[PDB]
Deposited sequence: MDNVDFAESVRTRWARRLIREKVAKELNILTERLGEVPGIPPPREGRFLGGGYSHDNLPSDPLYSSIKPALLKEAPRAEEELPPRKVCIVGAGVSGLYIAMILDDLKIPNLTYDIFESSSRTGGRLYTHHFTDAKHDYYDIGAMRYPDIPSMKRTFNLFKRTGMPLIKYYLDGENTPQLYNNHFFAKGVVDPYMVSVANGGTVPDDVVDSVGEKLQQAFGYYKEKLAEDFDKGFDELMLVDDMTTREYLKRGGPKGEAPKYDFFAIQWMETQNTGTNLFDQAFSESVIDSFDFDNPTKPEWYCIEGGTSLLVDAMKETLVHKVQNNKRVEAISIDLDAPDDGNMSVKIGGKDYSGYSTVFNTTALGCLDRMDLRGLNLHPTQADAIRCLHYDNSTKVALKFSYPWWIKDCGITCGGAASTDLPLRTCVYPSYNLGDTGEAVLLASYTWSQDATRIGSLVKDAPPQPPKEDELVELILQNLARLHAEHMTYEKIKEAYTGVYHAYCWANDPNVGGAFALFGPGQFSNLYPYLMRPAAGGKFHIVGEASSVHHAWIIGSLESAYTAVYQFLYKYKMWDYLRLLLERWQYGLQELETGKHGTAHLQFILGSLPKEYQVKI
C-alpha cells in the first residue's frame, strides 16, 4: 500500500473523470435514452455507480490473426517516442507506424544545446532536473531502459546570492530587503519574511481535510476549484474564515515566486501539488550527464521506424464512409497520407488547434479544451566564460540558483561542471511568464554577426555583476566572457508555443476528462503532458502515452497485447482507472460515439 500523500493526485484525477462521465452519461441517457456500449435499463448515474466493463471477461489473464494495421504518431517529443518504444516492445504482428516530426530536430521540449561537442559545453533549454519521488517511477524506468548517466542535481547550493530592492539577503535579519511597512515599504510586516509558511498554511488547511476524509475533503476542495491561488489568498474564501492578505502582501509573494506560474492556477491543484513532495521535500534531484537530449538520442535510435523530420501535419481526418480499420489520414505539405487505423497526436495543444481537424468531427467541448488552455512562457539565456568565476571567486561551488528582482530573475549554477577550471557554461538567466516574454523580446532567431554584442548580452552581464557584486566587479565578468552565448524562448517556438500548459481556475477539473478520452470512433488520441494529471513534467508525457496505447489496444480488442502492456509497462500508480469497475471503457465509449 502507498501512503495517502502519494495517492491523492491519482485519486483526485480518477474522481474528476467519474464526476464528468456520470454527468455525460445521465445527459446522454436524457438525450438519446440509449448509449452504444451499455445496456440502459429504464438522475440515474453518479460518480460511485457507473456501469462495469462488458468486455472484461476477455481481459482477465485466465501468428497473423491480427490484420495488417498502421498507426500515425504526430510529434517526436518524448511522448511520441515513448509510444513507439512501447509498440516496438509489444511486437504486434503486422502492426507498423509512421512518426512525423515538424521540426528538423527530434525531442521537442527535451532540448540540449551544445556550443561544442566538448564534455560539459552545453545547457538544457527544456527539461533538466528530475526528483526521486514515487510519481516519477515511470521516468526513472525509462532512464534505466535507455542507460542514462544520472548525476546529482543541486537544487539548493552554497553561497548563492539573493538580490531584492538592491539589498542582498542575510540570515537572521529582519526584512533584509527593506521592503516591509516598518521600513517605509508596503509589504505587511507579518508576511515579508514568512512567505513560504503562509503559503504552506493555506494549502495545509485543505491537505488536512483530505487526509482524514477524502470525499469530504474533495467536496470542500471543489468549492475552491473555481478560484486562483491569488484569489484565495485575497479572500481567505470561500466563506471565508481563512486568513486574508492585502494587495502588497500577495504581490510580494509573487515577486518571491521565481519558477513557473502558481498564483494564477487553480487553488485546488495548488493544494494537490503540495502533496507531490511530502515524503517530504528533501528527495534527491537528478540530471542527465551530457544533457537531456541524450535520452532523445537513445530513444529515437532504437526505433523500428525512423522519425521523419520536417513533416508538419496540417490536417487530420477520418473517412466514416469507409468501414475498414485504416480509414484515417493526415495532410502534410498538401500531400495526403492515408491508411491509418489510429492517430496519436502528441503535440502541444496550440499546435493541434492550428490544424484542420474538421475531418475528425470533434465535439465542441473537446475542441474547447484544445483551444482554450494557456501555456506558461519560459526563457533561458546561457553564457560561456573562460573560467567558472562563480565557483572560484564567489564560492558558489555546489550548484544552486540565485534569485533577484533584476530582469534576469534567476541565475542557475550548473551541477555538471563543478570540477572544471577552464571554459564553463553558466545558465545566466532562467525566466517564466511575463519575465520570460520580456527577455524573449530580446532573443532573436537570427543572432548578431560576430563578434558584436547585442542588448541581451549587455543586459545579462550588467545584471550578473550587480547580483554577484559581493565578490565580482562588472569589469571582471566582462573580461571573463568569451563572446559565446545562446538563448531560447519557448513561446516563440511555433512547434511548441510555451513551456507547458497552465490550468487556470476550473480548467483542469472541467477539461482534463475531455483531453484524456479518445475521439473519432476511438481512433484519435490527444497525447502529451497536458493530457495528464502529472502535467508539466516528463512523467505526464510518459503516462499519457501509456494511457493512449491502452485505449488503442482496447479499441481493436487486442487482449493478448493489452495484458502484455499491463505486465511490462505499468509503473508507479496508474492514472487511468481500468478494471471491471473502472472508467476507462466509459471514456472509450463516450469517445467512440457515432454521429
Query raised in the report: Relative to the deposited sequence numbered from 1, which residue ranges are unmodelled?
Result: 1 to 2, 45 to 50, 71 to 78, 612 to 617
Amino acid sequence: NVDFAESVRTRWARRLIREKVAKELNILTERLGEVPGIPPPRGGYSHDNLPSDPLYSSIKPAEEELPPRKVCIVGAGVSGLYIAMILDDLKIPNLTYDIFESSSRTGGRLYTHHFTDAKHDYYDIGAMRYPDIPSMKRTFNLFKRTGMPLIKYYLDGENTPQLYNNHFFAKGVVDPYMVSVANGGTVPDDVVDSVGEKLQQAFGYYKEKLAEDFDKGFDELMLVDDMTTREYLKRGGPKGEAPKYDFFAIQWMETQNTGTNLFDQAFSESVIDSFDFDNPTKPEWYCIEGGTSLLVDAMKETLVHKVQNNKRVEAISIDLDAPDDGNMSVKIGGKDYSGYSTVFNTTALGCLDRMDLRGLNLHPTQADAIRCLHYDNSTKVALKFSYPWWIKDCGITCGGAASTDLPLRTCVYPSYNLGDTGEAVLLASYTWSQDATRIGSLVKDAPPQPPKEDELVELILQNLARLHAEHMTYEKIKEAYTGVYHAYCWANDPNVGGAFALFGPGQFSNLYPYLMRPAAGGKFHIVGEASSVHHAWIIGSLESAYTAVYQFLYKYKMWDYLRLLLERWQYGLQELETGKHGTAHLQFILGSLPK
From here on, numbers count along this sequence of modelled residues.
Query raised in the report: If you average the Cα B factors in the entry, which is higher, 237 to 245 or 391 to 399?
Result: 237 to 245
Query raised in the report: Hey, which bit's got the bigger mean C-alpha B factor in the entry, 75 to 83 or 210 to 218?
Result: 210 to 218
Query raised in the report: Taking the Cα B-factors listed in the entry, which of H534, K557, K70, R563 comes out highest?
Result: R563
Report summary line: The residue of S270, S102, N510, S378 with the maximal C-alpha B-factor according to the PDB record is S270
Requested in this report: Classify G540 as lowest, middle or highest third according to the C-alpha B-factor given in the PDB entry, relative to its own chain.
Outcome: lowest
Query - Lowest, middle or highest third - CA B-factor, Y164 - result: lowest
Report task. Quick one: classify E567 as lowest, middle or highest third of the chain based on its Cα B-factor. Result -> middle
Requested in this report: Determine, from the deposited record, the chain-internal third of the Cα B-factor for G528: lowest, middle or highest.
Outcome: lowest
Query - Lowest, middle or highest third - CA B-factor, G440 - result: lowest
